[PDB]
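Input: a single structure, listed below in structure tokens.
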Amino acid sequence: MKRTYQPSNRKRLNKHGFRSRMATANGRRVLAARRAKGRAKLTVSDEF
Amino acid sequence: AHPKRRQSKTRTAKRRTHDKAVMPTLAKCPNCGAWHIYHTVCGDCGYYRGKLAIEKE
Amino acid sequence: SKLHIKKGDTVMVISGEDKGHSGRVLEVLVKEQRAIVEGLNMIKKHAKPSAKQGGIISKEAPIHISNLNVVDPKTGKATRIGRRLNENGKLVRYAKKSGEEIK
Amino acid sequence: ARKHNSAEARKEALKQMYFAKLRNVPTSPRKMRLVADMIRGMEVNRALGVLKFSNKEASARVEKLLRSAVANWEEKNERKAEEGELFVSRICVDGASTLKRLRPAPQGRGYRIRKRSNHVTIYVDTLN
Amino acid sequence: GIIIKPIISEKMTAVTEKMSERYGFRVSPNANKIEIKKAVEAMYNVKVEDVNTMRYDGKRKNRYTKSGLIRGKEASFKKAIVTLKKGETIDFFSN
RNA sequence: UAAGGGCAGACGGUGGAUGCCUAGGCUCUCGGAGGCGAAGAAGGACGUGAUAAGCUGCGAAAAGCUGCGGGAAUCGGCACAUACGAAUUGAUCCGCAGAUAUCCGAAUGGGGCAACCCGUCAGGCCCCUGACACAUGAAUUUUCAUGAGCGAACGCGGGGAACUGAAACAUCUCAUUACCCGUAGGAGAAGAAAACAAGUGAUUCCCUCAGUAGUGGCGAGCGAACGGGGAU
RNA sequence: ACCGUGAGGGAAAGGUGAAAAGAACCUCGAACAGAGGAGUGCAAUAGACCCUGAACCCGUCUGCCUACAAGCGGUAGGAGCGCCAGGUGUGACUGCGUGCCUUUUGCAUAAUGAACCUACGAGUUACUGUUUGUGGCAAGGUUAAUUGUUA
RNA sequence: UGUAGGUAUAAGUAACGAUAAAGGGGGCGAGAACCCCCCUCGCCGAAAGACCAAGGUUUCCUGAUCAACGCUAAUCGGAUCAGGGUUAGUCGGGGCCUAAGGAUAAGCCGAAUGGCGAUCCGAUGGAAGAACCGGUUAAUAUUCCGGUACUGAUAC
RNA sequence: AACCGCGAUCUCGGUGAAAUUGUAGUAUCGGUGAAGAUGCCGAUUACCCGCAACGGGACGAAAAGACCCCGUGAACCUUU
Ligand SMILES: [K+]
Ligand SMILES: [K+]
Ligand SMILES: [K+]
Ligand SMILES: [K+]
Ligand SMILES: [K+]
Ligand SMILES: [K+]
Ligand SMILES: [K+]
Ligand SMILES: [Mg+2]
Ligand SMILES: [Mg+2]
Ligand SMILES: [Mg+2]
Ligand SMILES: [Mg+2]
Ligand SMILES: [Mg+2]
Ligand SMILES: [Mg+2]
Ligand SMILES: [Mg+2]
Ligand SMILES: [Mg+2]
Ligand SMILES: [Mg+2]
Ligand SMILES: [Mg+2]
Ligand SMILES: [Mg+2]
Ligand SMILES: [Mg+2]
Ligand SMILES: [Mg+2]
Ligand SMILES: [Mg+2]
Ligand SMILES: [Mg+2]
Ligand SMILES: [Mg+2]
Ligand SMILES: [Mg+2]
Ligand SMILES: [Mg+2]
Ligand SMILES: [Mg+2]
Ligand SMILES: [Mg+2]
Ligand SMILES: [Mg+2]
Ligand SMILES: [Mg+2]
Ligand SMILES: [Mg+2]
Ligand SMILES: [Mg+2]
Ligand SMILES: [Mg+2]
Ligand SMILES: [Mg+2]
Ligand SMILES: [Mg+2]
Ligand SMILES: [Mg+2]
Ligand SMILES: [Mg+2]
Ligand SMILES: [Mg+2]
Ligand SMILES: [Mg+2]
Ligand SMILES: [Mg+2]
Ligand SMILES: [Mg+2]
Ligand SMILES: [Mg+2]
Ligand SMILES: [Mg+2]
Ligand SMILES: [Mg+2]
Ligand SMILES: [Mg+2]
Ligand SMILES: [Mg+2]
Ligand SMILES: [Mg+2]
Ligand code: NA
Ligand code: NA
Ligand code: NA
Ligand code: NA
Ligand code: NA
Ligand code: NA
């Protein structure tokens, strides 16, 4: 059967990418919280 | 369906009473002087009932 | 930190199995604070024939430097050393047992 | 000096024992124990034949362990063994470290799989 | 400065045996064909006829420590296959 | 007769409890300091070693370059390495001052799916590369100066719940709390009487006054001030 | 690390030895797969998962008992046998005996709960009252904030 | 119905994942039902053959290795380690254009954070400036080579 | 209802889980009893240990009954 995750790199970057996060005040809030926690993977842009 | 209780060591061992490895049926073949399975070809010399059955070069 | 011994110095072992024996310093391991004294603390190493034919090799193992004392040039005895600027404005090592400059 | 004296006593004692050990054999201790119980107390040459022709898989490793024990006896006694002279005087199988694995089960459940190992010890001696 | 090392391999040896004007280099990943041609010409005093390039991503590798495993990676590079003019040559063994 | 079994002792197996140990935490004290950033930050990407780099350092000058001072024999970072070199004509190392410092990121030449794509004008080379400049907004008269973004707590300001308590619940409480947002400084706020009182004499903080006066479905609860003693 | 599209959630994991002196060489074996030796070392039953090395759990050996016997498995008697000088192992045979916790008027209960072991796990502290034991002063008792000296 | 770790019991039990199917002879090897070669047999064949895209990311080829992984063993492997391997003026994309939508200018609205709002961004569409034939590797080919051509800029 | 074929099944070699589990040397009958007993009482029957087969009991397993009532529990829906 069809499962919930149907991968698309363009959609992944458009939805959760670094520039998508920086475009909004709440996205920058997410980035600041992740930096404060010390995540090695800031966004899905860091992954490969 | 389900065990009401775990089995004790005694009960388990009593069931395992009849678990045993089987001894092979071994003949001596007094000529070659070494063991082989009764009613099989003697794998070293290749003989069987005093006749060369398998010749190995 | 500057150590109280150095390569080329004659030292006396004052503690351990080789206590009472003198020798020459061949190398100093500063981080571990140890030194190789020639002829002392011999060990047998089982060396494979890899090399480059193996065998049992006798060689010196290092000693802790707090077990080594400089030999006094006058009386040939272990002694604590000090430092003074008597040599033309340069600091030199000298033996507190006698006073002669260590060299 | 205490531990040196204890070790010297044990080292002297070991000179009169003739044994071999297999450690960390990656197989079931129970299945190995079946073979051990089959050959316990048996003369060494018959035991070698039995292990060579046995229908269990573990007998192949037991045979090489037995050969090693006979060689240890021969070295410690400084002579070759004769015919029918040696017998399997002791044998034991112990459990050893287990590898833990995961196997998927229906409806998203995961079950644990144990891959067991054993040790085997064999002592030989003369039928005195 | 962009040329890192030459390519010595069975494929390169066969290519040079069959052509004798064709050589291979490992260069910086961000150098273009004109830059590679100029660097090779300046380094070896020859006339370069053609340059072929392919970009290689570094291999992912496993670094083994006492505890266990760490995932690591090798550096990415670019392969430059350089063909010279007829009769020209470059020596890698000499000097 | 023990196929097997029961109990005890001895000796092993497994497993990793216990004891002993540790600079890794926790709570504080004292003294400083209280920012970083368009001269490009925080945080990253990619590189960089004789040999693959996991960390560390560093940036195409890439485990490093220069000077001054200190010091005097080893040094070439760590993950149980060797080789090969440096160094008494003073290495390595330490303090201070300098040089270099790729790409992304406020990112600022225009775009963009971060670490990429595409340009314009002048200048030096020969399709293509190396050094400039090229954003916006409030001041200033094209020039000049500032700003933007990030970041611990403490300050001020703009908005502002509910569960809960009242043994239900709506006034009330929780609470001018949580939380969101804006914006300073080493502190901030307050502060020099159109004041308190029935003599004192600007603010702020501490101990009392005092769970007092009051307030309140006068329920649950909430709760001062004058005066006095101090810090200043 | 792993899990999640994402916001986010979020582990386990310390100890050879004083010093690597980290086991040359021999034997069995295709192989160190593993072991027996030799050698190093105070010690290798400190041999790399390495200090100590418990329980549950799993084995081997030795002693005694056991194939006419029926219920919480113990407890109180009591031969014989076996070890080492009046102790210790076993237990022919006999009497008595429906675990434990919790919740209940009342539970062997066919009410609840636990596979077992090791480790972890639940009336604490602050302030303010009140009573009391014991004290210091006493018609009086007591300082708070703070200040001085040396610390 | 407490938590972590370890170890039991059920138990050598359920099960080893489509009933398309296997047999023999040689080879190598310490070890072979399963690996390699040959013969025979069987299954798919609008596929269970051959390609493009998404997605994955070295799984590709070779040499060593058989501890772990592979529901058995293994000399084998999409496994471990090391080395090698992807070649374009013409193929695909990008560079150019715009759709939905998004970000904005002048302006509008609004405690704050901000919400709107015609040029720019944005393919799943429109342009691209432009070939085939043959051969060759262990692993690439319209890319390498031999022919045959064509296209765009540039100096006479 | 009978018979037939293959897969599962059974036996052997290899690998090897789970639910469940206070400890158990865990028989029957009638009594007794928190009122339906392997475990209590009195009788009766029964040499020790497996394998195949079936499901009567272990108020068998599983999910702190959804029915019912209770809590000055909750949510959602309606309305003069
Ligand atoms: K290319
Ligand atoms: K030890
Ligand atoms: K110790
Ligand atoms: K133990
Ligand atoms: K009894
Ligand atoms: K019940
Ligand atoms: K329960
Ligand atoms: Mg059986
Ligand atoms: Mg196994
Ligand atoms: Mg077999
Ligand atoms: Mg699934
Ligand atoms: Mg017994
Ligand atoms: Mg023990
Ligand atoms: Mg530079
Ligand atoms: Mg921009
Ligand atoms: Mg209420
Ligand atoms: Mg092997
Ligand atoms: Mg010991
Ligand atoms: Mg130990
Ligand atoms: Mg009878
Ligand atoms: Mg009897
Ligand atoms: Mg009741
Ligand atoms: Mg009762
Ligand atoms: Mg209940
Ligand atoms: Mg239960
Ligand atoms: Mg119960
Ligand atoms: Mg319990
Ligand atoms: Mg428990
Ligand atoms: Mg349960
Ligand atoms: Mg069963
Ligand atoms: Mg299944
Ligand atoms: Mg089956
Ligand atoms: Mg197909
Ligand atoms: Mg392959
Ligand atoms: Mg191979
Ligand atoms: Mg396997
Ligand atoms: Mg491979
Ligand atoms: Mg456009
Ligand atoms: Mg191919
Ligand atoms: Mg069955
Ligand atoms: Mg079987
Ligand atoms: Mg009844
Ligand atoms: Mg009954
Ligand atoms: Mg019952
Ligand atoms: Mg039930
Ligand atoms: Mg209930
Ligand atoms: Na027995
Ligand atoms: Na830019
Ligand atoms: Na050994
Ligand atoms: Na349970
Ligand atoms: Na495709
Ligand atoms: Na792809």
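Below, chains carry the letters A, B, ... as their sequence lines are ordered, and counting in each starts from 1.
- The base of G/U75 engages G/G95 as a Watson-Crick or G-U wobble partner, both distances under 3.5 Å.
- Phosphate contact (OP1/OP2 of I/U15, side-chain N/O of D/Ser28, threshold under 4.0 Å): absent.
- Groove atoms closer than 5.0 angstrom to the side chain of B/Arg5 belong exclusively to the major groove.
- If you check F/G155 against F/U183, you find a Watson-Crick or G-U wobble pair, both contacts below 3.5 Å.
- No contact: C/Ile57 has no heavy atom under 4.0 Å from any strand.
- For H/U140, its base sits under 3.5 Å from the side chain of E/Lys11 at one donor and acceptor pair at least.
- Pairing check for F/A152 against F/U146: the Watson-Crick or wobble criterion is not satisfied at the 3.5 Å limit.
- Between F/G199 and F/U203, the two key atom distances do not both fall under 3.5 Å in a Watson-Crick or G-U wobble layout, so no such pair is counted.
- Using a 4.0 Å heavy-atom cutoff across all strands shown, B/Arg15 reaches sugar-phosphate atoms only and no base atom.
- A glycosidic torsion no more than 90° from 0 defines the syn conformation; H/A8 lies beyond that range and is anti.
- Residue contacts shown for D/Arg67 are limited to sugar-phosphate atoms, with no base heavy atom under 4.0 Å away.
- Taking only distance into account, the side chain of D/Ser68 meets the base of G/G34 through a donor-acceptor pair shorter than 3.5 Å.
- At the heavy-atom level, A/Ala33 lies under 4.0 Å from the strands shown only through sugar-phosphate atoms.
- In this entry the base of I/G25 is syn relative to its sugar, with a glycosidic angle within 90° of 0.
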side-chain contact (heavy atoms from CB on, under 4.5 Å) evaluation trace for D/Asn118 with D/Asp94: CA-CA 5 Å; D/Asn118 62 90; D/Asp94 293 312; over 6 Å; no
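- Base-pair annotation: F/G221 with F/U215 meets the Watson-Crick or G-U wobble criterion (two N/O distances, each under 3.5 Å).
- Between I/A37 and its strand neighbour I/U38 the base rings do not stack, failing centres under 5.5 Å or planes under 30°.
- In this structure, B/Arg16 reaches the H/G12 phosphate: one of its side-chain N or O atoms is under 4.0 Å from OP1 or OP2.
- Base engagement by E/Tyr56 is indicated by at least one non-hydrogen atom pair under 4.0 Å involving a base atom.
- Residue C/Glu17 qualifies as open at atom CD: its count of foreign heavy atoms under 6.0 Å is 12 or below.
- Once the 5.5 Å centre distance and the 30° plane angle are applied, the aromatic ring of A/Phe18 is found stacked with the base of F/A114.
- Residues G/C81 and G/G89 show canonical Watson-Crick or G-U wobble pairing, with both defining distances under 3.5 Å.
- Base-pair annotation: F/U48 with F/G57 meets the Watson-Crick or G-U wobble criterion (two N/O distances, each under 3.5 Å).
- Judged by distance alone, with hydrogens and angles left aside, the side-chain atoms of D/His119 form a donor-acceptor pair with the main-chain N or O of D/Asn24 at under 3.5 Å.
- Of the candidates C/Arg93, C/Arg24, C/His4, C/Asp9 forms a side chain to side chain donor-acceptor pair (under 3.5 Å) with just one, namely C/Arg93.
- Stacking of the bases of F/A99 and F/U100 is indicated, with six-membered ring centres separated by less than 5.5 Å and ring planes inclined by less than 30°.
- Comparing D/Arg101 and A/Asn9, the nucleotide of RNA chain H nearest to each residue sits closer to the 5' end for A/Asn9.
- With G/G6, H/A11, F/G4 as the choices, the nucleotide that has an atom nearest any side-chain atom of D/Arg30 turns out to be H/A11.
- Shown here, G/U94 is classed anti by the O4'-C1'-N9-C4 or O4'-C1'-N1-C2 angle, which is more than 90° from 0.
- Put simply, the side chain of D/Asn55 and the base of I/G13 share no donor and acceptor less than 3.5 Å apart.
- When heavy atoms are screened at a 4.0 angstrom cut-off, A/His16 is found touching base atoms of the nucleic acid.
- Under the 3.5 Å distance criterion, the side-chain polar atoms of D/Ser59 are left unmatched by any main-chain donor or acceptor of D/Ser54.
- The glycosidic torsion of H/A131 lies within 90° of 0, placing the base in the syn range.
- Between the side chain of A/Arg39 and the base of G/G9 there is at least one donor-acceptor pair of N/O atoms closer than 3.5 Å.
- Base stacking between strand neighbours I/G73 and I/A74 is present, with six-membered ring centres closer than 5.5 Å and ring planes inclined by less than 30 degrees.
- Taking atom NZ on D/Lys115 and atom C1' on I/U15, their separation rounds to 8 Å, with Å as the unit.
- Using a 4.0 Å heavy-atom criterion, one finds that D/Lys76 contacts the sugar-phosphate atoms exclusively.
- F/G71 has its base anti relative to the sugar, with a glycosidic angle deviating from 0 by more than 90°.
- Scanning atom types as modelled, one donor and one acceptor separated by under 3.5 angstrom connect the side chain of D/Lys64 and the base of G/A30.
- Nucleic acid contact for C/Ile43: sugar-phosphate only, since backbone atoms but no base atoms lie under 4.0 Å from a heavy atom of the residue.
- Side chain E/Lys59 to base H/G84: a donor-acceptor pair is found below 3.5 Å.
- Taken together, H/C69 and H/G77 constitute a Watson-Crick or G-U wobble pair, since both relevant N/O distances lie under 3.5 Å.
- OP1 or OP2 of G/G34 has not a single side-chain nitrogen or oxygen of D/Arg61 nearer than 4.0 Å.
- Not a single donor-acceptor contact under 3.5 angstrom links the side-chain atoms of B/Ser8 to the base of I/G25.
- Look at A/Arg12 and you won't find any side-chain N or O under 4.0 angstrom from OP1 or OP2 of F/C113.
- With the nearest nucleotide of RNA chain H identified for both A/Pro7 and E/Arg26, A/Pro7 has the one nearer the 5' end.
- At least one donor-acceptor pair under 3.5 Å links the side chain of E/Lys78 to the backbone N or O of E/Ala31.
- Contacts of E/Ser76 with the nucleic acid, taken as non-hydrogen atoms under 4.0 Å apart, involve only primed sugar atoms and P, OP1 or OP2.
- Residue-to-nucleotide contacts include a donor-acceptor pair under 3.5 Å from the side chain of D/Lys31 to the base of I/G16.
- Within 3.5 Å, a donor on the side chain of A/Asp46 pairs with an acceptor on the base of F/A115, or the reverse.
- Pairing partner, I/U15: H/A15, with both Watson-Crick or wobble hydrogen-bond distances short of 3.5 Å.
- The phosphate of H/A10 has OP1 or OP2 within less than 4.0 Å of a side-chain N or O from B/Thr12.
- D/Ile113 comes within 4.0 angstrom of the backbone, heavy atoms only, and of no base.
- D/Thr121 comes within 4.0 angstrom of nothing in the nucleic acid, heavy atoms only.
- Taking only side-chain nitrogens and oxygens, C/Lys48 comes nearer than 4.0 Å to OP1 or OP2 of G/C25.
- Remark: the separation of the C1' atoms in G/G47 and F/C21 is 23 Å, to the nearest Å.
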Indicate for each nucleotide in nucleotides 56-63 of chain I, in 5' to 3' sequence, whether protein heavy atoms under 4.0 Å reach the base (B), only the sugar-phosphate (S), or nothing (-). --BSBS--
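- Under the 3.5 Å cutoff applied to both distances, H/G6 and G/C116 qualify as a Watson-Crick or G-U wobble pair.
- In this structure, D/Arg23 reaches the sugar-phosphate backbone alone: every heavy-atom distance under 4.0 Å involves primed, P, OP1 or OP2 atoms, never a base.
- Among the heavy atoms of the strands lying under 4.0 Å from C/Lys44 are primed sugar atoms or P, OP1, OP2 only; no base atom is included.
- Across the protein-nucleic acid pair, A/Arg28 atom CZ and F/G105 atom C1' stand 13 Å apart, rounded to whole Å.
- For F/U200 with F/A195, the Watson-Crick or G-U wobble criterion holds, each of the two distances under 3.5 Å.
- Checking the phosphate oxygens (OP1, OP2) of H/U86, a side-chain nitrogen or oxygen of E/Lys79 falls inside 4.0 Å.
- When heavy atoms are screened at a 4.0 angstrom cut-off, E/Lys78 is found touching no nucleic acid atom at all.
- The base of G/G10 sits within donor-acceptor range of the side chain of A/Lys37, with an N or O pair under 3.5 Å.
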